[PDB]
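Scroll down for the structure; my scribbles are underneath it.
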Amino acid sequence: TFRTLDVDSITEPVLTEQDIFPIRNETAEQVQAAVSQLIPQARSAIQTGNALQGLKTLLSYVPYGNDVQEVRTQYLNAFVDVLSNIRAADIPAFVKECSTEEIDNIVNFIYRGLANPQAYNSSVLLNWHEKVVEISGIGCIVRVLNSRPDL
Amino acid sequence: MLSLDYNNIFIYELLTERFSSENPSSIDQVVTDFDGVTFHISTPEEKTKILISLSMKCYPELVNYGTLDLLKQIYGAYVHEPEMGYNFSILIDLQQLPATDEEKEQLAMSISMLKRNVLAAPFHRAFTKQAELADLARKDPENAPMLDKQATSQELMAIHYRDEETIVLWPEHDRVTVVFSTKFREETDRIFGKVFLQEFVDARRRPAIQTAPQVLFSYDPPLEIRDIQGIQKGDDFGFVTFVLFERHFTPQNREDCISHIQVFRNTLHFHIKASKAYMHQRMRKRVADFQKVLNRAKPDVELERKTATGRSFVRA
Amino acid sequence: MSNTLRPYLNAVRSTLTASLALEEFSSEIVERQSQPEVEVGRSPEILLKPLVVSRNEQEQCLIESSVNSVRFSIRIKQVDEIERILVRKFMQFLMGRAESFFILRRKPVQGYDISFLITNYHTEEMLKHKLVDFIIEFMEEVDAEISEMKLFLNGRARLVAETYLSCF
Amino acid sequence: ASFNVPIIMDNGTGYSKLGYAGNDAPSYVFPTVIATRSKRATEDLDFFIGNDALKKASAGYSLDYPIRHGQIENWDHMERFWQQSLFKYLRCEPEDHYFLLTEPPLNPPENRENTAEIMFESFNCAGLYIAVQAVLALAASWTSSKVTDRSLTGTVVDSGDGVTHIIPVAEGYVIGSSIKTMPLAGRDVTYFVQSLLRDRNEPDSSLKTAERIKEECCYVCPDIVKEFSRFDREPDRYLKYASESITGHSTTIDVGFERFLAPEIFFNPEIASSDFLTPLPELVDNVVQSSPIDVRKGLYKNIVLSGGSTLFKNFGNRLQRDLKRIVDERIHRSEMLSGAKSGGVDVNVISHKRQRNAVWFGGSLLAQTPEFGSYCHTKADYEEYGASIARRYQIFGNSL
Amino acid sequence: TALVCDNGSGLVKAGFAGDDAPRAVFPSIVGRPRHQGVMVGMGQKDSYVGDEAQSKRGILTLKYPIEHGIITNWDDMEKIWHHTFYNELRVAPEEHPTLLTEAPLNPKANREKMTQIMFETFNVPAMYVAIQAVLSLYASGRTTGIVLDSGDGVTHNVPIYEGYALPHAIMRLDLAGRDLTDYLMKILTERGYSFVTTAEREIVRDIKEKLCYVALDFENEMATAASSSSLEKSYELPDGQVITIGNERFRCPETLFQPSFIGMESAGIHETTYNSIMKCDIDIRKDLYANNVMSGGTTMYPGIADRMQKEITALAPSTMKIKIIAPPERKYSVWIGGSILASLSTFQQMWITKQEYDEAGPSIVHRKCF
Amino acid sequence: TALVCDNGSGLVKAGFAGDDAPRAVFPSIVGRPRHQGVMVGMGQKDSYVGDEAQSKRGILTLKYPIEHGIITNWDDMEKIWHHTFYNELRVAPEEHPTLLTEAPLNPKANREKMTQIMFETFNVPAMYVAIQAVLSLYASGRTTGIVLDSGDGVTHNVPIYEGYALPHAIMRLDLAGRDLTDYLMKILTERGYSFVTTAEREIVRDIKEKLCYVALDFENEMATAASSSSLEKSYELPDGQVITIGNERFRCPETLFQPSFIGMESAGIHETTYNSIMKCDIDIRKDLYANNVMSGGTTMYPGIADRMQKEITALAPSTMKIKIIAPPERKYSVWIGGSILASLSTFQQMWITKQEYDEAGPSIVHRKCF
Ligand SMILES: Nc1ncnc2c1ncn2[C@@H]1O[C@H](COP(=O)(O)OP(=O)(O)O)[C@@H](O)[C@H]1O
Ligand SMILES: Nc1ncnc2c1ncn2[C@@H]1O[C@H](COP(=O)(O)OP(=O)(O)O)[C@@H](O)[C@H]1O
Ligand SMILES: Nc1ncnc2c1ncn2[C@@H]1O[C@H](COP(=O)(O)OP(=O)(O)O)[C@@H](O)[C@H]1O
Ligand SMILES: [Mg+2]
Ligand SMILES: [Mg+2]
Ligand SMILES: [Mg+2]
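Protein chains in written order, with the entry's author numbering: chain G, 2 to 152; chain D, 1 to 219, 221 to 317; chain F, 1 to 168; chain A, 2 to 39, 66 to 427; chain O, 6 to 375; chain Q, 6 to 375.
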């Protein structure tokens, strides 16, 4: 019977996410190289005990795209490993000196971490969430709700 | 109910009616019971004569343990040829009844009690043989250990009385032990049944009920049943053991003890069901507590005055 | 209850309260009608990205959000088979009352134990800070509610054991 | 399916009829009532049901009827009523047996959903059929179970304690668009008898005494102004009814015009109610005239009566004469326009030996069928889809 | 909404749930003519009720159907309830649930006939019978206290702790404002004035309601009145002649503190209150002493709260604060608290309903209204 | 961090390992309403536990699930454990390993059932059950001594030498604080004060804690109290009434030294302590006499360490020193020592883990714990 045939999907094509969010102006191998330069700096900053500078350097660029899940998950592995190695007393002094765009990137990537607890320690991500929202306010979560879907 | 009745309530009420009735009508009534048992009650030749017949999957095992002798002792002249598809049968003639309301009542009770009477013969065989072993052990206390060791294998009864329960029992000179090789196949009843079987065994460790049979539990079988055919140690069975000592089947107490031990797993099954109704009332009470946490999000406004049918009211 | 749950329920509270910036919005696909857009998904520009807050692999929130509606769904602690039965049935009594708890769904979304839909109309007609207080007070208490129900089940298993075993 | 006999439970507003498929009567017929209490918690174990609940009002239990106006409305009490039905009275294990349940044609999707979860999760039955109740009452009307005695077309008027509904069925199919319901049945005529005893200030107006005055003293007359006049003309029309009180002493009640005025509730529902106005003969006409034209002779030729509240003396004769009047006045309006006589239609209202419990006897006869286990929900369906499996209306047309 | 009918011994107080005060307040009286009805027509009636009886009283025998909180005449009580619904509130009782009230330790049959007449005469959809002192505690904004309620026919003490009543500690005393009116007739006779008829009993009730008061120390007031004009003052009868009274103004109310003035062998209202607190468990007594709640018209005397506090302070140990709560609206606190209760949402489940009465008979009240 | 509970017979002491004192200390009590709630919309609860049962006690019957260190009511013990986790410490029981605690010579079923409830009802990750007297040496900083532990339900002696317990020389006495409350209720009756209810027992427990002491020589103290009022003291009841107390102020605690006051045939705490030392091997006795440790609330009486040193000095040979270490924190020393033990790095392999329980059943506790 006719009632179940989807005509709308072919007679009125809906907006795509790239009609809402601008296309990435970098190729997949170009962003994969840019992150592969940063992950070794982020790992090295843990060994010198400077994990705060490990985050400040890792956070200087972020990968996005549905074509880059492998390097997005490698960047998230490094991000959660860096956040797990910062001492909990350093967080308030570091968060107040981040820009609004660095804060937006921190609260975005703690959200990607909280989505996968079998890989990532939620206990440190929730501690970071409490302190980032306490110091920078509710609007940083509002910017994550509104953020791009391929971050 | 906190406790199950031992007798079939339908057969009791029907016979209590027909034994009093001025004008008996015909009947043709198949009636279910627990443990896959079934009865047929009918008037197959006259409205005057009722045939009651029992069907029970373990009846051939029960005949090996002296069941026909006990059923002839209980039902006497009323015993009849078995009906087709039924294992035992009794014919009661409504013009041939006892002369008193109290003899009629205990006959209506006796016929309603028929599932626990057919199933009582292995327990009477164990109780009467324990009295022989008790007298021999009272004769020579140093020979008694060998009598108990041979009676543990030579005088053992096993009844595969339903496909997920084996009742195993034997006499020794001071006891009857009975093991329920017991299981719940329905998964929520297996989960609640673990709590019921655990708290059952822990109850017997408390001071208030030390007068009860000793109870033991496991999920391998008790040593003396491990090689009984159809017992199996990996097959999700638990094994509830009751040790009845001489005080639990004293002559004032034998028939109540038999009635009450046979219904063990039926009371546990029934209470695993009735516990869900309890959990559901426990739940909906705190659904009504969580209402009060949402009601504080309703902003306060006066409703217009309404009559009991909900029609608007125009006063005050 | 909130010492162990405090970091988690603070992240849930903060992001549920950010997510409830709701508005009246009529359908772009149907005329003279409005629908909770998170529940239909037919126009993606007015959907906000779905956010997961999590304490544990077993204890999780999904927050799905839109111009006129939030869907909030939770996985709750079920560390044994008694709790799996007790939780499932408690959520079924709670979702069976959903007309009187106006922000409940009648069914959970698949892989979640209970779910909530807060629409534009609920933020207009109810105190929305008391809606997020009800969500977090539900998440704070449900583990204590369910553990107390398995105490009542233990207590009944003792009632029938002592009643049975005392009439030999 | 299992080879064990299906279990039949007709849970009415007044009475529950419980039994096994293929028996010559229900095993139990008792009120759909629960007696409930109003350091371990056991007050949900302490209840009673049926005849044993009526004995408990003097022991301080609160009695309630969990079914009112045909519909279950207290699921705590209906779950406890079913567990006590299954484990005390029917003395059965749900895991071994398939069940036939019943409810009114109108009944909410919510009720069949709530019924399925109690049956499959509380009790864990092997399978469940929730039957359309008066469709079973058609099958109880047969002279025998043999296929040559079947009459698969007929209107069925079911009138129990809580609701009366008129169902058209043709060739075995229920014409769900044409169902009519009147919210008045055997309980509303008891409340009317009770109200009339109470208006005369009679020594007893307890509900049992008003009930017993329906069963014994009441009947259906032709016309209440002629019958009020007959209660002037003839003196032995007033009866005297002997009743025994709750505290155990005798009383005598004069019973008068409620003998005819109380069964008139079906033929003039403006006596009972502000909210329902159409009398039963006009309501049966509305069922057959909304029904397809080719089945109208069959639906008038076989108007089956069902449920205890159709048993009033002269009830089927009043329905037949008043419906024959409506039907022939409509046919004669057409003969008088056309100038030619019709063949007419015979209106037959059928009272039969199984009329008191026709839903249970039909449920027994239909659950005996070799195919029955294929029409049930099996618990394996419920393990996949849950209580939503029972939610869709069987009798009415569904969208989607 | 629901009706609240505080049908007390002396005044009927009636109105709607959620209203600030009762909108019907009238004498609990039926009057019947005692003289030769000679003029034909004239708008005459077989009997009169409430304010109509009170205004015609010079030609009527007046009688209350309720005495000591018990209905003695059900035919006249139906006449009063009819007057509440149809004349005074102007409602169909078949459209409204009714909250009724009675004193504790009443006959069981009073509750039964009261539920029967409400369902069978007035055809009510639902009803409840509340204990009057439990209602008066809602009107206090309290969930613990001891309520001393005294009306026209009965005085009672009910102690409640955190919403639990202690029913063993409940006290009743069949002495209240009608006994004080009868005693005021007996002592007015000593100064020169005889009041004898049921109509003259309403004049001396009106004297009691505005001349009488409670002395803080009775023997000092009695000596002050015996030695000065200063306690004496006057009242004007319907006939325009003047009554002067002195120690009769405080001797009448002192009967609540000294019941032996009317020949009773009982503790006064202060010591009955203390005996009720001392029947309660030892931990609750401190919060009962801090929450003595006064109610009913017989608590409306000037000085009675100051006297009650003085008397209970002498009985209790000095180590704690006795507090007497005597609101200016305590004339109506039972009705006020009934209008609170009848407007609560859990109470909507506590009503006896028509269907539930029809299934159970009038005994339903004993297993639902406590 | 681990949890640690002394589920004492009278108080729960609960908290986290490595903290200096219990986070939660509350009555080991469940209370249930004895009266009917007449007031609608009140916060009525099915039962109350701990400080909320103690606060509401005037309307509750109060029960202790533990009697003589044995859990007699498992439902009320589960209510208390649920209250420790979700209300008092407000942590989920699955998150922290829990050190529970027990008296020696208990029923083996008590410890198995406690183990089964923690792993299957509260789903704890790991747990242990320590002996209360072993923990009292950890708190005292000892590895040698004899601990006299006396709580609410049981008094016990455990001798330990250089970390080895001597389980044949362990003594139990089912006489401690509750038996002294029972006896003080009995001997209060002879001065004319009646304490009967479960709530009046809690007032008498408070009288015992506030006013009782141990008399260094009982017959000189009895002669002193017979000679003058100088030994008498006063207590004020919650009613504001005052009771005065004299020889029954020290004749109550003497039941520890004279168990025949409560009619039981046994040695007093000094003779069970000496008999425990004399059951030990002869070389260790000389060090046990110098290291008598006192613990638990029934060792808190003024003068008890002086009485105890006097009596042990009369029993023991005069050639060597008797020293008794009764520290001011000894009321919590079992919990303090449990916090030390559960905090040791060398203890972390000694827990029973959930994975190790469900391959062995609850009898695992008899081979992992002493
Ligand atoms: N002989 C009779 N005459 C009239 N009404 C009767 C008669 N016998 C029973 N009833 C009435 O029939 C009703 C019960 O019918 P039933 O079919 O069992 O109702 P239900 O299924 O809805 O519970 C009751 O009102 C009962 O009093
Ligand atoms: N101001 C007052 N001073 C003294 N007595 C009063 C006063 N007002 C009312 N009363 C008395 O109180 C009684 C009526 O009180 P009420 O509470 O309405 O009693 P009830 O409820 O029992 O009918 C009458 O005896 C009346 O005279
Ligand atoms: N200061 C005190 N003086 C005398 N007895 C005390 C004192 N403090 C507490 N108690 C008694 O000791 C009990 C509590 O001691 P505790 O060591 O905590 O016992 P438990 O471990 O058995 O709960 C109290 O209930 C009371 O009987
Ligand atoms: Mg019916
Ligand atoms: Mg009054
Ligand atoms: Mg202790």
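No residue lacks a Cβ here, since even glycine has one placed at the ideal position from N, Cα and C.
- Contacting residues, own chain, Cβ-Cβ under 6 Å from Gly168(Q) (five flanking each side not counted): Position 163 of the sixth sequence, counting from 1, holds the residue named residue 168(Q). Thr148.
Considering only the beta carbon of each residue, do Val81(G) and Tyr112(G) sit closer than 8 Å?
Numbered from 1 along the first sequence, position 80 holds the residue referred to as residue 81(G). Numbered from 1 along the first sequence, position 111 holds the residue referred to as residue 112(G). Result no, Cβ atoms of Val81(G) and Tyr112(G) do not sit closer than 8 Å.
Starting from the beta carbon of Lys183(D), find every residue of chain F whose beta carbon is closer than 9 Å, and list them in chain order. As a position in the second sequence, residue 183(D) is number 183, starting the count at 1. Within chain F, no residue comes near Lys183(D); the closest Cβ sits about 16 Å away, beyond 9 Å.
Query raised in the report: Which partner residues does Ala131(Q) have in the DSSP bridge list?
Result: Mapped onto the sixth sequence, residue 131(Q) falls at position 126. In DSSP, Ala131(Q) forms a bridge with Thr358(Q).
message: I want to see whether chain Q comes within less than 8 Å of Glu31(F), judged by CB atoms only; does it?
response: Translated into positions along the third sequence, residue 31(F) becomes position 31. No, its Cβ sits nowhere closer than 8 Å to a Cβ of chain Q.
At a cut-off of 7 Å, is residue 4(O) close to ligand 3 when judged by its beta-carbon and the heavy atoms of the ligand?
Because residue 4(O) is not part of the residues shown, which for chain O are 6 to 375, the question remains open.
Taking DSSP's pairing of strands, which residues face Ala29(Q) in a bridge? Here residue 29(Q) refers to the residue found at position 24 when the sixth sequence is read from its first residue. Answer is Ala19(Q).
Checklist line | Given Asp11(A) as reference, the closest of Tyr21(A), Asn5(A), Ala2(A), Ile358(A) once Cα atoms are compared | finding: Against the fourth sequence, residue 11(A) aligns to sequence position 10. Here the closest residue by C-alpha is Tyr21(A).
To the nearest angstrom, how far is it from the Cα of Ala228(Q) to the Cα of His87(Q)? Your numbering for residue 228(Q) matches position 223 in the sixth sequence. Your numbering for residue 87(Q) matches position 82 in the sixth sequence. Distance between the alpha carbons of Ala228(Q) and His87(Q): 50 Å.
- Message: What ranges does the alpha helix (DSSP H) occupy inside the region 229-310 of chain O, keeping only unbroken runs of at least 4 residues that lie completely in it?
- Response: 253-259, 274-284, 290-294
Q: Could you list which residues in chain Q have their beta carbon closer than 7 Å to that of residue 176(F), in chain order?
A: The shown model of chain F, from 1 to 168, leaves out residue 176(F), and the question about it has no answer.
Review point. Exposed or buried, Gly156(O), counting other C-beta atoms within 10 Å across all chains shown (16 or more means buried)?
Key: Taking the first residue of the fifth sequence as position 1, residue 156(O) is located at position 151. Label assigned to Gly156(O): buried.
**Prompt:** In terms of residue numbering, what span does the beta strand (DSSP E) encompassing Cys61(F) cover?
**Reply:** The residue you call residue 61(F) lines up with position 61 of the third sequence. Segment 59-66, the beta strand (DSSP E) holding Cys61(F).
Open item on the list: With H, G and I counted as helix, E and B as strand and the rest as coil, what does DSSP make of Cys10(O)?
Closed with: Taking the fifth sequence and counting its residues from 1, the one referred to as residue 10(O) is at position 5. Looking at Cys10(O) - three-state DSSP - the assignment turns out to be strand.
Self-check item: Contacts that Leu159(F) makes with chain A (C-beta to C-beta distance below 7 Å)
Solution: By one-based count along the third sequence, residue 159(F) stands at place 159. Neighbours of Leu159(F) on chain A, chain order: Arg67, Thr69.
* Would you report the Cα separation of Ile136(Q) and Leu153(Q), rounded to the nearest angstrom? -> As a position in the sixth sequence, residue 136(Q) is number 131, starting the count at 1. As a position in the sixth sequence, residue 153(Q) is number 148, starting the count at 1. In a straight line, the C-alpha of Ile136(Q) is about 12 Å away from that of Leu153(Q).
Legend entry - Pairwise C-alpha distance: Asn295(A) and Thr305(A): Locating residue 305(A) in the fourth sequence gives position 278, where the first residue counts as 1. Locating residue 295(A) in the fourth sequence gives position 268, where the first residue counts as 1. One C-alpha to the other measures close to 7 Å.
query = Does ligand 2 have a heavy atom nearer than 7 Å to the CB of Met119(O)?
reply = If you number the fifth sequence from 1, residue 119(O) lands on position 114. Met119(O) Cβ: outside cutoff for every heavy atom of ligand 2.
Residues near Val159(A) by beta carbon distance below 7 Å, same chain, minus five either side = Here residue 159(A) corresponds to residue number 132 of the fourth sequence, with the count starting at 1. Closer than 7 Å at Cβ, skipping near neighbours: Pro132, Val201, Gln421, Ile422.
Neighbour list for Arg75(F) in chain G, Cβ cutoff strictly below 8 Å: Numbered from 1 along the third sequence, position 75 holds the residue referred to as residue 75(F). Ordered by position in chain G, no residue passes the 8 Å Cβ test against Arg75(F), which lies about 11 Å from the chain.
Kindly indicate which three-state DSSP category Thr236(A) falls into: helix, strand or coil?
By 1-based counting over the fourth sequence, the position of residue 236(A) is 209. It is helical.
request  = In angstroms with no decimal places, state the Cα-to-Cα distance between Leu104(O) and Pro230(A).
outcome  = Position 99 of the fifth sequence, counted from the start, is the residue given in the question as residue 104(O). Position 203 of the fourth sequence, counted from the start, is the residue given in the question as residue 230(A). The alpha-carbon atoms of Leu104(O) and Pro230(A) are separated by roughly 27 Å.
Per the contact definition of three or more C-beta pairs closer than 8 Å, is the region 115-122 of chain A in contact with the region 26-40 of chain D?
yes
(request) Have a look at the DSSP bridge pairing and note the partners of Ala170(Q). (result) On the sixth sequence, position 165 is the one that residue 170(Q) refers to. Answer is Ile165(Q), bridged to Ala170(Q).
**OP:** Compare the C-beta of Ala29(O) with all C-beta atoms of chain D and state if any pair is closer than 8 Å.
**Re:** Here residue 29(O) refers to the residue found at position 24 when the fifth sequence is read from its first residue. So no, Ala29(O) is outside the interface.
Nearest to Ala97(Q) by CA position, among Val160(F), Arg106(F), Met139(F), is which residue?
Walking along the sixth sequence from the start, residue 97(Q) turns up at place 92. The residue with the shortest Cα to Cα distance from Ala97(Q) is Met139(F).
When you measure from the CB of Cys217(Q) to every non-hydrogen atom of ligand 3, does any distance come out below 7 Å?
Numbered from its first residue, the sixth sequence carries residue 217(Q) at position 212. Under cutoff, so the answer is yes.
8 Å contact criterion, which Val190(A) and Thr208(A) should meet: CB distance rounded
As a first step, residue 190(A) is located in the fourth sequence; it is residue number 163 there, counting from the start. As a first step, residue 208(A) is located in the fourth sequence; it is residue number 181 there, counting from the start. About 6 Å; that satisfies the 8 Å criterion.
Using only CA atoms, which one of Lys291(O), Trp356(O), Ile345(O), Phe375(O) lies nearest to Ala22(O)? In the fifth sequence, the residue the question calls residue 22(O) occupies position 17. Cα-wise, what sits closest to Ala22(O) is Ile345(O).
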